[PDB]
Amino acid sequence: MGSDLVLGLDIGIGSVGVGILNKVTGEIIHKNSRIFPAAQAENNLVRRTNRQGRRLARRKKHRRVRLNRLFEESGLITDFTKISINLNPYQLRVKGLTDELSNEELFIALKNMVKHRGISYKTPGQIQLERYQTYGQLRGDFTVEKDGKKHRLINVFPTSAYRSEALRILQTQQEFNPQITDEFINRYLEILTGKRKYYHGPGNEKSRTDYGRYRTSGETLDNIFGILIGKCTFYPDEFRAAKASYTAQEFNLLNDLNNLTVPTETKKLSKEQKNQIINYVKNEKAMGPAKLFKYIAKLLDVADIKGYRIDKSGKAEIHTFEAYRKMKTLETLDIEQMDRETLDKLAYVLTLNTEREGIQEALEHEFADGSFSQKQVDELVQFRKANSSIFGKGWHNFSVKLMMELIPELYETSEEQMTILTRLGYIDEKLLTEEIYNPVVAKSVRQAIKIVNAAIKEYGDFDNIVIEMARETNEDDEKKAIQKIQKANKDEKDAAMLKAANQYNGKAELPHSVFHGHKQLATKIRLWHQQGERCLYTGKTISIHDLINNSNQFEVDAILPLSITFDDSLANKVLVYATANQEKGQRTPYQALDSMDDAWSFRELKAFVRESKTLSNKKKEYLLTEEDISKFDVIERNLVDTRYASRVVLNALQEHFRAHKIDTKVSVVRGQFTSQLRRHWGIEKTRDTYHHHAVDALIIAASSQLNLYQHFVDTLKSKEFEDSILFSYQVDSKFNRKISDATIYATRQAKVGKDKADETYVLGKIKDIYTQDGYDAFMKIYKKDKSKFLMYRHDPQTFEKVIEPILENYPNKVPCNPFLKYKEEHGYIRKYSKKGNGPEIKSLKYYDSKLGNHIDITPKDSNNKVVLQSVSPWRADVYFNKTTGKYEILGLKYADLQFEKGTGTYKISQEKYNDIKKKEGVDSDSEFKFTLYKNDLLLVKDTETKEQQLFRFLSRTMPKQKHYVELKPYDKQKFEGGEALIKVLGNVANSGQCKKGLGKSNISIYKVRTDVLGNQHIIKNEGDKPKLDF
RNA sequence: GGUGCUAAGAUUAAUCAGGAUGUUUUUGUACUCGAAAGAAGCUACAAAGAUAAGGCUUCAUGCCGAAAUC
DNA sequence: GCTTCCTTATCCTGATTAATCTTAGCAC
DNA sequence: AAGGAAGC
Ligand SMILES: [Ba+2]
Ligand SMILES: [Ba+2]
Ligand SMILES: [Ba+2]
Ligand SMILES: [Ba+2]
Ligand SMILES: [Ba+2]
Ligand SMILES: [Ba+2]
Ligand SMILES: [Ba+2]
Ligand SMILES: [Ba+2]
Ligand SMILES: [Ba+2]
Ligand SMILES: [Ba+2]
Ligand SMILES: [Mg+2]
């Protein structure tokens, strides 16, 4: 308490409120808001989804390149330039089963099998070819109306079936005597069915990649998840200990016993007493929780024992050396023949590894050569799987090293682990967040520490540092209610396991074979029991015999899709048949159920849902929302990440204010107090503005010095307050973010509307005209300009003689879909033809927008440019032209940077940079001022009037409009629309988006940089040339 | 109040292994025109190619590219 | 040139490590 | 949300 200043922090996923106040005077010395959108770090799910998607399409292509190399070595084909892409590979995969195929014809049968090699956890070619013949289609997720009923097929088969089929084809071809060796057949089946292990990942011995096993340092890990194991609580360079290890079992039971309270001289047990119990249970075969307590009664009365962990339902529980007991059951070994650190090691190998090929490898590379026999590793493999429930329990918070120190002291001194430990006895934000793999938390952590390191730097050491926390303080009636639910959840788990075992065996438990390769049944079963054994989309029943023995037929569907909601809870989850899940797509049951070919009706869903008591409240809300959710609309992931980030700063601070003897108090406030206090104090929260972070932090810094005020509150409601608040934003300099919309667009030459000659038009298509979203789109184009539909122009027969007659004679009514009302009656609208022929009509392409700025991705094949659109920007280089006295803004995009051919570096070249300079309006003899990145700050001053406004940058918008820029407000997230600006800029557009051009005659622009606290300083001296150092 | 060991309930994150699509190019068949040859490139199915722009070297269970670093 | 408007690809299967909150027992 | 052509 050497100083008098108090610091408070309101740490979020996308903001950090800052606030300093004198605990004595009550003055507000500093209020500040640091803003870094969490949206960028949360995009990591998009990065991982696209990285794994890239690896799958890469390996699917490689599988057919290896096949091309196989056909050269075997000498079956040498010139691949004349292979025909127009035969029937499904028919060739049936002819080859009995009759002989050409080498070319065989290459077509195997390549087709390699491109779709099925899942892996009548041959397929015969099942497929027959779907081709009777339905006209194989691929994907489509509907069939057989036996007078609507059913749904998908092109999914097991890789064992494809392998079986492939092997039959190739042997039948061996009977016809070519270069089909037996090594040819083996190598092909490896291409077809070969797969990597989840614990090895990508690469080989030469392709070193730190995502996978073959590390770039040279190490070759046995398992890529071993390095992800947590570290010791107290020896941070010691890996944790398996909970099935001997050491962790020993430590846990001792700390269990020392916590007991028994009728003895010291009310606790003795060193000699511990040893007998440790020794008794180690040597007794069956050991439960209460059977151990009966043994404690002999060494004394069971109801006289106190101080023990309890079950959710009130049963007592205790450690049992269970792992150890079940290990003595090994016949080809004996745990008694092994010491501690080879028994501890056996739990490390059997816990991290879950499959045969992984256990066998770790036993060789961690245990000395010849320490295990092929007969002994056999039993251990079968032993690991037979007791996955015990080895799937994880890792102790302590390393072995720590317990080896804390175990003898646990025997002798009779104190529990915490008592023992005490007796024994500028923050680097990057080091604190080195091994925290959560870019949201790690960012919002690194930001909060970068502030105190900069607040101390300019305010000296603080008296106190307060941090709002997201915890609870439930009362006795409230704390009782929580465990009431927690028990009811664990009960309905086992209620479903019981319900499952009664209907599968009739017995009380389920065989452990049943959970191999299906670790998710205990949750699939819990949903099968909530839904009353019913599929909530088809209405068909779910039999645990199919749910267990043919679980391919089911998928766990997110009710409200994950792409929109990001709700990963149980309430957003149902167990339904697979084909029903795929037909649903990215929809809610409301949007989807009625328009599904195979399914219930929304009405029958509404019926079943509120006619059941086993379902949940939150699950009933989510199953029936008639709400048109979408992702472009004004989550639990945000609450977990806040608690995480806040706690890391709290712990890291108190630990820092100890070993460095700075001795600054580090206190804590809760959310219920600061929100109540906010009402009591003067808290008028401004609308949608970043002010409330800086003021919340001041309440945080004030709720501490509370015991010791009116001046401060008076000051808080001051007129001149929301004006003095400072704001600071984290600039985004990164290149190589998402470069464009993923949609691959086609273009055509046409004349539309007020057009004189040909013009390159980007196409759009209406994916489905039998939906109210697909019909609406049709009418919009139809009223505006019928000819936009490529059909009208290139097939007027179908338009004038099929579509217009349908538009006239069909209900249109609440609005309804005319095309759908035809589908129910006559089926899919068919293209015009004579003999009743003509294919179905499901989609309609039209001419939509003219081609403008794009990225070209046009095949060498194409008769038309194929392009990418909405090209995301990187930075803007601001120049000044002394002649005209105007500014000249050059815009760079993510897609202007490239990996260079020769060198391989990711960069942009002066040649390309100068070509962009040219077309952007920047004169080759103009002076560079500064570069603007995302969320840099501008100052824009009128020179005619000297009126000025502070903006923050978004990007350089509109390439046709030179020197145009989209800007964003200094104090809030976005503009309202119609907001007024300096005279020369006018008002913002009534949509919010402030898109103005900064190339006018008398305007002066200056770059503004700020620290993490909001200390602004002007810039114009950034350099001679722009920075392009890569 | 903070914190530790344990256990469970709830919710998340990081990373790996795979499936089936979707987008688009080309080709073939069907549909429309033509006596055919073919034309058209609409509409449907199928195959083949591309699939963030783009790069790597070690020639393959090949590797990297939408995060972080400010 | 300036402002208004339209638009934007997904559903799953298997596995491991880690984190936070909460309730319980014990302790500093 | 923000890229960027449409619409005037
Ligand atoms: Ba586990
Ligand atoms: Ba309360
Ligand atoms: Ba569309
Ligand atoms: Ba976009
Ligand atoms: Ba506590
Ligand atoms: Ba042609
Ligand atoms: Ba394809
Ligand atoms: Ba590529
Ligand atoms: Ba114009
Ligand atoms: Ba557009
Ligand atoms: Mg779904």
# chains A, B, ... in the order shown; residues from 1 in each chain; ligands from 1

call {"tool": "residues_near_ligand", "arguments": {"ligand": "ligand 6", "cutoff": "12 Å", "atoms": "only C-alpha atoms (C1' of nucleotides) and all ligand atoms", "output": "list in words"}}
result
residues 863 of chain A; 26, 27, 28, 38, 39, 40 and 41 of chain B

call {"tool": "residues_around", "arguments": {"residues": "residue 471 of chain A", "least_positions_apart": "2", "cutoff": "8 Å", "atoms": "only C-alpha atoms (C1' of nucleotides)", "output": "ChimeraX atom specification"}}
result
/A:469,473,643,670-671 /C:21

call {"tool": "write_last_selection", "arguments": {"atoms": "C-alpha atoms (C1' of nucleotides)", "output": "mmCIF file, in the first residue's frame"}}
result
data_model
loop_
_atom_site.group_PDB
_atom_site.id
_atom_site.type_symbol
_atom_site.label_atom_id
_atom_site.label_comp_id
_atom_site.auth_asym_id
_atom_site.auth_seq_id
_atom_site.Cartn_x
_atom_site.Cartn_y
_atom_site.Cartn_z
ATOM 1 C CA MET A 469 -15.017 -12.361 -12.565
ATOM 2 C CA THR A 473 -22.575 -17.121 -5.382
ATOM 3 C CA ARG A 643 -13.960 -17.112 -17.535
ATOM 4 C CA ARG A 670 -18.453 -10.606 -9.320
ATOM 5 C CA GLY A 671 -20.929 -9.821 -12.073
ATOM 6 C "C1'" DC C 21 -17.977 -22.782 -14.364
#

call {"tool": "residues_near_ligand", "arguments": {"ligand": "ligand 4", "cutoff": "9 Å", "atoms": "only C-alpha atoms (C1' of nucleotides) and all ligand atoms", "output": "tab-separated table (two decimals) with N, CA, C and O atoms (P, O5', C5', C4', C3', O3' and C1' of nucleotides), in the first residue's frame"}}
result
chain	number	residue	atom	x	y	z
A	740	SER	N	-11.66	-14.33	-50.53
A	740	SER	CA	-12.86	-14.07	-51.33
A	740	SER	C	-13.99	-14.98	-50.87
A	740	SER	O	-13.82	-15.85	-50.01
A	741	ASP	N	-15.16	-14.76	-51.47
A	741	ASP	CA	-16.27	-15.70	-51.38
A	741	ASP	C	-15.87	-17.04	-51.97
A	741	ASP	O	-15.21	-17.10	-53.02
A	869	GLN	N	-15.40	-13.85	-56.43
A	869	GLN	CA	-15.91	-12.50	-56.21
A	869	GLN	C	-15.82	-12.13	-54.73
A	869	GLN	O	-15.41	-12.93	-53.88
A	870	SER	N	-16.23	-10.88	-54.44
A	870	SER	CA	-16.03	-10.21	-53.16
A	870	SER	C	-14.63	-10.46	-52.63
A	870	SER	O	-14.41	-11.28	-51.74
A	871	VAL	N	-13.66	-9.72	-53.19
A	871	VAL	CA	-12.25	-9.92	-52.91
A	871	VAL	C	-11.88	-9.09	-51.68
A	871	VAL	O	-11.95	-7.86	-51.71
A	872	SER	N	-11.47	-9.77	-50.61
A	872	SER	CA	-11.23	-9.10	-49.34
A	872	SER	C	-9.94	-8.29	-49.37
A	872	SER	O	-8.96	-8.68	-50.02
C	7	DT	P	-29.71	-11.05	-54.39
C	7	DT	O5'	-28.39	-11.81	-53.95
C	7	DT	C5'	-27.15	-11.42	-54.54
C	7	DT	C4'	-26.00	-11.57	-53.56
C	7	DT	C3'	-25.98	-12.88	-52.77
C	7	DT	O3'	-24.86	-13.64	-53.15
C	7	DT	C1'	-25.43	-11.00	-51.41
C	8	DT	P	-24.95	-15.25	-53.23
C	8	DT	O5'	-23.77	-15.73	-52.27
C	8	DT	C5'	-22.50	-15.08	-52.30
C	8	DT	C4'	-21.85	-15.13	-50.94
C	8	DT	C3'	-22.07	-16.45	-50.18
C	8	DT	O3'	-20.88	-16.83	-49.52
C	8	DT	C1'	-22.75	-14.64	-48.85
D	1	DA	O5'	-21.55	-6.10	-38.93
D	1	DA	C5'	-20.56	-7.05	-38.58
D	1	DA	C4'	-19.71	-7.41	-39.79
D	1	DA	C3'	-19.18	-6.23	-40.59
D	1	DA	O3'	-17.90	-6.55	-41.10
D	1	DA	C1'	-20.54	-7.57	-41.97
D	2	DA	P	-16.82	-5.39	-41.36
D	2	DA	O5'	-16.61	-5.43	-42.93
D	2	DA	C5'	-16.39	-6.67	-43.58
D	2	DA	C4'	-16.76	-6.58	-45.05
D	2	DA	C3'	-16.51	-5.21	-45.68
D	2	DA	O3'	-16.13	-5.38	-47.01
D	2	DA	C1'	-18.70	-5.78	-46.01
D	3	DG	P	-14.63	-5.10	-47.45
D	3	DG	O5'	-14.62	-5.71	-48.90
D	3	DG	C5'	-14.95	-7.08	-49.16
D	3	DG	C4'	-15.65	-7.21	-50.49
D	3	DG	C3'	-15.28	-6.19	-51.56
D	3	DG	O3'	-15.45	-6.77	-52.84
D	3	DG	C1'	-17.57	-6.06	-51.14

call {"tool": "interface_residues", "arguments": {"of": "chain A", "to": "chain C", "cutoff": "8 Å", "atoms": "only C-alpha atoms (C1' of nucleotides)", "output": "PyMOL selection string"}}
result
chain A and resi 119+121+198-199+225-226+228-230+259+307-312+352+416-419+422+471+479+482-483+486+517-518+555+581-582+585-586+640-641+643-644+741-743+961+989+991

call {"tool": "residues_near_ligand", "arguments": {"ligand": "ligand 11", "cutoff": "12 Å", "atoms": "only C-alpha atoms (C1' of nucleotides) and all ligand atoms", "output": "PyMOL selection string"}}
result
(chain A and resi 537+554-564+572-589+592-593) or (chain C and resi 10-12)

call {"tool": "write_last_selection", "arguments": {"atoms": "C-alpha atoms (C1' of nucleotides)", "output": "PDB file, in the first residue's frame"}}
result
ATOM      1  CA  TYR A 537     -37.861 -36.302 -38.211  1.00  0.00           C
ATOM      2  CA  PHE A 554     -27.809 -42.894 -37.556  1.00  0.00           C
ATOM      3  CA  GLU A 555     -26.254 -39.454 -37.152  1.00  0.00           C
ATOM      4  CA  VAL A 556     -26.428 -36.996 -34.259  1.00  0.00           C
ATOM      5  CA  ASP A 557     -28.042 -33.938 -35.843  1.00  0.00           C
ATOM      6  CA  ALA A 558     -27.846 -30.382 -34.587  1.00  0.00           C
ATOM      7  CA  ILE A 559     -31.425 -29.097 -34.431  1.00  0.00           C
ATOM      8  CA  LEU A 560     -30.629 -25.448 -35.013  1.00  0.00           C
ATOM      9  CA  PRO A 561     -27.578 -25.926 -37.297  1.00  0.00           C
ATOM     10  CA  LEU A 562     -24.076 -25.326 -35.942  1.00  0.00           C
ATOM     11  CA  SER A 563     -23.119 -23.013 -38.817  1.00  0.00           C
ATOM     12  CA  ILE A 564     -25.683 -20.497 -37.550  1.00  0.00           C
ATOM     13  CA  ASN A 572     -29.313 -28.659 -29.610  1.00  0.00           C
ATOM     14  CA  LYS A 573     -28.892 -32.369 -30.378  1.00  0.00           C
ATOM     15  CA  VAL A 574     -31.203 -35.161 -31.520  1.00  0.00           C
ATOM     16  CA  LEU A 575     -30.584 -38.763 -32.555  1.00  0.00           C
ATOM     17  CA  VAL A 576     -32.142 -39.326 -35.994  1.00  0.00           C
ATOM     18  CA  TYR A 577     -31.714 -41.582 -39.006  1.00  0.00           C
ATOM     19  CA  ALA A 578     -28.860 -40.549 -41.294  1.00  0.00           C
ATOM     20  CA  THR A 579     -30.722 -39.970 -44.587  1.00  0.00           C
ATOM     21  CA  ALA A 580     -33.097 -37.715 -42.636  1.00  0.00           C
ATOM     22  CA  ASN A 581     -30.172 -35.695 -41.258  1.00  0.00           C
ATOM     23  CA  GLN A 582     -28.631 -35.136 -44.701  1.00  0.00           C
ATOM     24  CA  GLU A 583     -31.983 -34.256 -46.279  1.00  0.00           C
ATOM     25  CA  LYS A 584     -32.466 -31.668 -43.530  1.00  0.00           C
ATOM     26  CA  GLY A 585     -29.284 -29.823 -44.445  1.00  0.00           C
ATOM     27  CA  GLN A 586     -28.626 -26.375 -42.997  1.00  0.00           C
ATOM     28  CA  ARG A 587     -32.171 -25.908 -41.748  1.00  0.00           C
ATOM     29  CA  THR A 588     -34.301 -25.981 -38.646  1.00  0.00           C
ATOM     30  CA  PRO A 589     -37.011 -28.668 -38.427  1.00  0.00           C
ATOM     31  CA  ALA A 592     -37.175 -28.327 -43.321  1.00  0.00           C
ATOM     32  CA  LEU A 593     -39.618 -30.939 -41.990  1.00  0.00           C
TER      33      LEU A 593
ATOM     34  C1'  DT C  10     -22.570 -27.636 -46.215  1.00  0.00           C
ATOM     35  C1'  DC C  11     -24.293 -32.194 -43.444  1.00  0.00           C
ATOM     36  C1'  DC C  12     -21.838 -36.008 -40.900  1.00  0.00           C
TER      37       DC C  12
END

call {"tool": "residues_around", "arguments": {"residues": "residue 57 of chain B", "least_positions_apart": "3", "cutoff": "9 Å", "atoms": "only C-alpha atoms (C1' of nucleotides)", "output": "PyMOL selection string"}}
result
(chain A and resi 206-207) or (chain B and resi 63)

call {"tool": "atom_distance", "arguments": {"atom1": "atom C1' of residue 2 of chain B", "atom2": "atom CA of residue 694 of chain A"}}
result
25.1 Å

call {"tool": "select_by_dssp", "arguments": {"residues": "segment 317-536 of chain A", "states": "alpha helix (DSSP H)", "output": "PyMOL selection string"}}
result
chain A and resi 322-328+340-352+356-366+374-386+388-391+400-406+408-412+417-424+429-432+439-459+476-504+521-530

call {"tool": "residues_near_ligand", "arguments": {"ligand": "ligand 7", "cutoff": "12 Å", "atoms": "only C-alpha atoms (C1' of nucleotides) and all ligand atoms", "output": "list in words"}}
result
residues 57, 60, 61, 112, 115, 116, 139 and 140 of chain A; 20, 21, 22, 23, 24, 25, 46, 47, 48, 49, 50 and 51 of chain B
